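Peer 1: what would the 3D arrangement of this be:
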Amino acid sequence: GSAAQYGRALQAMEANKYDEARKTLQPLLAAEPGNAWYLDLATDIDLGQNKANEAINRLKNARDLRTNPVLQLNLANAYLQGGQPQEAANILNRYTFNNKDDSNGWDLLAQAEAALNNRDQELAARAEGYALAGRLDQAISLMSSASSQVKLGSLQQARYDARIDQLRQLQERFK
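Peer 2: Residues are numbered from 1 along each chain as shown. I have put the structure below:
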(Lines give C-alpha, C1' and ligand atoms only; values in the text may rest on other atoms or scores of the structure.)
Protein backbone atom coordinates (compact mmCIF):
# COMPACT_ATOMS: atom_id res chain seq x y z
CA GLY A 1 0.00 0.00 0.00
CA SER A 2 0.92 3.66 0.32
CA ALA A 3 2.76 2.90 3.58
CA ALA A 4 4.88 0.27 1.80
CA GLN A 5 5.64 2.56 -1.14
CA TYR A 6 6.54 5.47 1.16
CA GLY A 7 8.83 3.23 3.22
CA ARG A 8 10.56 1.89 0.11
CA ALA A 9 11.12 5.40 -1.24
CA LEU A 10 12.48 6.68 2.07
CA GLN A 11 14.91 3.75 2.32
CA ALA A 12 16.17 4.48 -1.20
CA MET A 13 16.49 8.17 -0.27
CA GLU A 14 18.69 7.41 2.71
CA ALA A 15 20.91 5.22 0.52
CA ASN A 16 21.24 8.22 -1.86
CA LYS A 17 19.44 6.24 -4.58
CA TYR A 18 17.47 9.30 -5.64
CA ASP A 19 16.15 7.94 -8.96
CA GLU A 20 14.83 4.77 -7.30
CA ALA A 21 13.27 6.87 -4.52
CA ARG A 22 11.66 9.22 -7.06
CA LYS A 23 10.05 6.42 -9.06
CA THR A 24 8.51 4.98 -5.90
CA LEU A 25 7.36 8.28 -4.36
CA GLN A 26 6.00 9.95 -7.48
CA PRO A 27 2.55 8.22 -7.62
CA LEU A 28 1.95 9.01 -3.95
CA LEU A 29 2.74 12.67 -4.55
CA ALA A 30 0.63 12.91 -7.72
CA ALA A 31 -2.42 11.64 -5.84
CA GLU A 32 -1.81 13.80 -2.73
CA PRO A 33 0.29 16.77 -3.89
CA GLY A 34 -0.07 18.46 -0.49
CA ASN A 35 0.73 15.68 1.85
CA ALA A 36 3.40 17.35 3.96
CA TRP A 37 5.49 14.19 4.28
CA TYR A 38 5.28 13.24 0.60
CA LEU A 39 6.42 16.82 -0.07
CA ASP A 40 9.20 16.44 2.51
CA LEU A 41 10.56 13.40 0.69
CA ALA A 42 10.03 14.92 -2.77
CA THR A 43 12.06 17.94 -1.66
CA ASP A 44 14.95 15.77 -0.47
CA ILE A 45 14.92 13.76 -3.72
CA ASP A 46 14.92 16.87 -5.92
CA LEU A 47 17.66 18.61 -3.91
CA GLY A 48 19.68 15.40 -4.06
CA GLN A 49 19.51 15.62 -7.87
CA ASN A 50 20.27 19.38 -8.04
CA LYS A 51 16.67 20.24 -8.85
CA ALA A 52 16.07 22.99 -6.30
CA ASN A 53 13.86 25.05 -8.59
CA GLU A 54 11.58 22.05 -9.06
CA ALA A 55 11.44 21.61 -5.29
CA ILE A 56 10.73 25.32 -4.73
CA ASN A 57 7.86 25.50 -7.24
CA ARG A 58 6.24 22.39 -5.79
CA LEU A 59 6.32 23.74 -2.24
CA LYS A 60 5.13 27.19 -3.32
CA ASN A 61 2.03 25.37 -4.67
CA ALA A 62 1.07 23.63 -1.36
CA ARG A 63 -1.95 25.07 0.54
CA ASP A 64 -0.65 24.34 3.99
CA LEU A 65 2.71 25.98 3.23
CA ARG A 66 2.29 29.01 5.48
CA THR A 67 0.87 27.02 8.43
CA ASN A 68 2.85 23.74 8.31
CA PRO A 69 6.37 23.87 9.84
CA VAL A 70 7.47 20.81 7.84
CA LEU A 71 6.63 22.61 4.60
CA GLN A 72 8.24 25.86 5.81
CA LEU A 73 11.55 24.22 6.73
CA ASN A 74 11.65 22.32 3.44
CA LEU A 75 11.00 25.42 1.35
CA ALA A 76 13.70 27.30 3.27
CA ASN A 77 16.19 24.53 2.59
CA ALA A 78 15.21 24.41 -1.09
CA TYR A 79 15.61 28.17 -1.43
CA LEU A 80 19.05 27.94 0.20
CA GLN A 81 20.22 25.23 -2.21
CA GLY A 82 18.56 27.06 -5.13
CA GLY A 83 20.68 30.18 -4.66
CA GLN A 84 17.93 32.16 -2.92
CA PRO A 85 19.20 32.79 0.62
CA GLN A 86 16.99 35.88 1.00
CA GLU A 87 13.74 33.95 0.64
CA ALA A 88 15.19 31.22 2.88
CA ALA A 89 15.96 33.76 5.60
CA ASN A 90 12.46 35.26 5.31
CA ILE A 91 11.04 31.83 6.14
CA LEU A 92 13.67 30.94 8.73
CA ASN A 93 13.23 34.10 10.79
CA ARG A 94 9.61 33.04 11.34
CA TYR A 95 10.50 29.35 11.69
CA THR A 96 13.17 29.79 14.36
CA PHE A 97 10.86 32.09 16.32
CA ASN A 98 8.03 29.53 16.28
CA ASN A 99 10.30 26.45 16.72
CA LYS A 100 13.02 27.69 19.08
CA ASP A 101 14.30 24.21 20.04
CA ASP A 102 14.94 23.03 16.46
CA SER A 103 18.69 23.07 15.83
CA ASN A 104 18.16 22.40 12.11
CA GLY A 105 16.31 25.70 11.79
CA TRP A 106 19.06 27.66 13.55
CA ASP A 107 21.77 26.02 11.44
CA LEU A 108 19.90 26.83 8.23
CA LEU A 109 19.31 30.41 9.37
CA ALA A 110 23.01 30.79 10.14
CA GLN A 111 23.83 29.57 6.63
CA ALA A 112 21.32 31.95 5.04
CA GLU A 113 22.50 34.99 7.00
CA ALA A 114 26.12 34.20 6.15
CA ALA A 115 25.16 34.05 2.47
CA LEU A 116 23.34 37.41 2.86
CA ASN A 117 26.24 39.14 4.69
CA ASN A 118 23.94 39.79 7.68
CA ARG A 119 26.59 39.41 10.35
CA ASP A 120 24.91 39.92 13.73
CA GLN A 121 21.98 37.76 12.61
CA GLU A 122 24.48 35.08 11.58
CA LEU A 123 26.18 35.39 14.96
CA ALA A 124 22.87 35.14 16.80
CA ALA A 125 21.86 32.02 14.88
CA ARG A 126 25.24 30.39 15.47
CA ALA A 127 24.91 31.30 19.17
CA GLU A 128 21.48 29.65 19.36
CA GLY A 129 22.97 26.53 17.77
CA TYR A 130 25.73 26.52 20.36
CA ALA A 131 23.17 26.97 23.15
CA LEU A 132 21.23 23.93 21.91
CA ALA A 133 24.55 22.03 21.88
CA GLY A 134 25.16 23.12 25.48
CA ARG A 135 28.07 25.42 24.64
CA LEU A 136 26.59 28.19 26.73
CA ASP A 137 29.74 30.25 27.37
CA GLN A 138 30.44 30.31 23.63
CA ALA A 139 26.81 31.19 22.86
CA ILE A 140 27.06 34.16 25.25
CA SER A 141 30.29 35.28 23.55
CA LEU A 142 28.73 35.26 20.07
CA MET A 143 25.52 36.90 21.31
CA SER A 144 27.64 39.61 22.96
CA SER A 145 29.32 40.28 19.62
CA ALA A 146 25.93 40.39 17.85
CA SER A 147 24.59 42.89 20.39
CA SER A 148 27.69 45.07 19.95
CA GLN A 149 27.15 45.39 16.18
CA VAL A 150 23.60 46.81 16.06
CA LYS A 151 22.74 50.38 16.95
CA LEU A 152 23.12 51.27 20.63
CA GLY A 153 19.71 51.54 22.30
CA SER A 154 17.86 49.76 19.48
CA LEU A 155 15.24 47.11 20.16
CA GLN A 156 17.52 44.66 18.32
CA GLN A 157 20.29 45.35 20.82
CA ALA A 158 17.83 44.86 23.68
CA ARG A 159 16.69 41.52 22.23
CA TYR A 160 20.27 40.26 21.99
CA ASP A 161 21.06 41.41 25.55
CA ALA A 162 17.89 39.71 26.80
CA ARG A 163 19.04 36.47 25.16
CA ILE A 164 22.40 36.84 26.94
CA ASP A 165 20.56 37.16 30.24
CA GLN A 166 18.56 34.03 29.47
CA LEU A 167 21.69 32.06 28.60
CA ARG A 168 23.46 33.14 31.80
CA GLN A 169 20.78 32.11 34.15
CA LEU A 170 20.53 28.75 32.29
CA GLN A 171 24.23 28.21 32.95
CA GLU A 172 23.33 28.64 36.60
CA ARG A 173 21.23 25.47 36.66
CA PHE A 174 24.32 23.45 35.63
CA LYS A 175 26.83 24.78 38.19
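
Peer 1: which elements pack onto the longest helix along the chain?
Peer 2: If each helix of the chain is counted by residues according to DSSP state H, the longest one is helix 155-172. Judged by 3 or more C-beta pairs under 8 Å, 6 or more residues apart in numbering; DSSP states H and E, the packing partners of helix 155-172 are helix 119-132, helix 136-149. The way it works is simple: take the backbone N, C-alpha and C, and place the C-beta from them, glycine included.

Peer 1: which stretch among those helices comes nearest residue 111?
Peer 2: helix 119-132 (8.5 Å; C-beta to C-beta).

Peer 1: mind listing what's buried in the closest one?
Peer 2: Neighbour counts over helix 119-132 (16 or more other C-beta atoms under 10 Å) mark 120, 121, 122, 123, 124, 125, 126, 127, 128, 129, 130, 131 as buried.

Peer 1: quick one: contacts for the spatially most central residue of the chain?
Peer 2: When C-alpha atoms, centre = their mean is applied to the chain, the residue found nearest the centroid is residue 105 (3.3 Å). The contact partners of residue 105, taken as C-beta atoms under 8 Å, 6 or more residues apart in numbering, are 73, 76, 92, 95, 96, 99.

Peer 1: which pair in those spans the largest distance?
Peer 2: The widest separation within the contacts of residue 105 (C-beta to C-beta) is 11.4 Å, between 76 and 99.
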